[PDB]
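*Asks:* Pasting a structure below so you can have a look.
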Ligand SMILES: CCn1c(=O)c(=O)[nH]c2cc(C(=O)N[C@H](c3cccc(F)c3)c3nccn3C)ccc21
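In the authors' numbering, the protein residues as written are 627 to 739.
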């Protein structure tokens with residue numbers, strides 16, 4: 627129960643804050659199926675920050691939980707696909723950790739609305 631415009635402004639800011647934690651920009655765009663041809667065999671719902679931005683502007687995030695769930699998919703897809711001894715896997719762990727405080731603070735701002 628709140629106004630749409632300030633909520634979307636908050637989500638845009640939050641998405642930027644999350645992307646700032648991905649310094650190598652490895653989560654910025656869809657995993658390229660031309661370089662990773664078997665990716666969809668194991669990952670049923672790919673996600674990345676560009677797709678999240680598209681979803682945001684298409685009004686697909688009208689609650690904080692749905693936004694946070696797509697962020698969690700970026701992380702969990704990467705943990706699932708990649709071996710534990712890779713930079714990718716460790717980057718997903720780090721993103722999960724650093725994203726946590728970002729999301730907790732942003733959710734508090736949504737609740738304030
Ligand atoms: C973390 C999400 N992620 C995975 O989780 C995963 O398993 N494989 C991934 C593979 C790529 C990937 O191929 N990057 C290349 C690349 C290499 C160097 C710079 C640059 F900008 C892009 C590339 N893109 C298109 C063509 N080329 C070669 C990206 C993410 C991936």
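All residues carry an ideal CB built from backbone N, CA and C; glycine is no exception.
#1: Beta-carbon distances below 6 angstroms to any heavy atom of ligand 1 define the shell here; list its residues in chain order, please.
#2: Measure the alpha-carbon distance for residue 719 versus residue 705 and round it to whole angstroms.
#3: Tell me which residues share the same chain as residue 637 and place their Cβ nearer than 7 angstroms to its Cβ, disregarding the 5 neighbours each side in the sequence.
#4: Please state whether DSSP places residue 679 in a helix, a strand or coil.
#5: Could you tell me the alpha carbon to alpha carbon distance between residue 668 and residue 729, rounded to whole angstroms?
#6: Return the CA-CA distance between residue 675 and residue 739, expressed in angstroms with no decimal places.
#7: If you reduce the DSSP assignment to three classes, tell me which class residue 672 lands in.
*Replies:* From the atom records:
#1: 652, 653, 657, 658, 661, 662, 704, 707, 708, 714
#2: 8 angstroms
#3: 682, 687, 693
#4: helix
#5: 27 angstroms
#6: 25 angstroms
#7: coil
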